[PDB]
């Protein structure tokens, strides 16, 4: 068992999670203590990795799953979901 939390969210950003929005997302992810992952189309990356995020090619309208686990997991999850939604 584990204490992870996850949500499936629709990315409504016009640039998708690419370009400057991706860089600021990764900066924001890096502020949290929790481990944070993003999954798109079955591929999962560490949200604190820009090269991982870019590798997902997250375009506008994409559904992604955000997963977190750690001391501030729920805060991290909700902040990142509110960033992209």
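Positions refer to the first chain, counted from 1.
**Q** If you average the CA temperature factors over each stretch, which comes out higher, 27-35 or 50-58?
**A** The entry gives the higher C-alpha B-factor average to 50-58.
**Q** Among the chain's modelled residues, which third holds the C-alpha B-factor of residue 5?
**A** According to the entry, residue 5 has a C-alpha B-factor in the chain's middle third.
**Q** Within this chain, which third does the Cα B-factor at residue 12 fall in: lowest, middle or highest?
**A** Ranked within chain, residue 12 CA B lands in the highest tercile.
**Q** Looking at the temperature factor on the CA atom of residue 67, which third of the chain's modelled residues does it land in?
**A** Answer is middle: the recorded C-alpha B-factor places it there.
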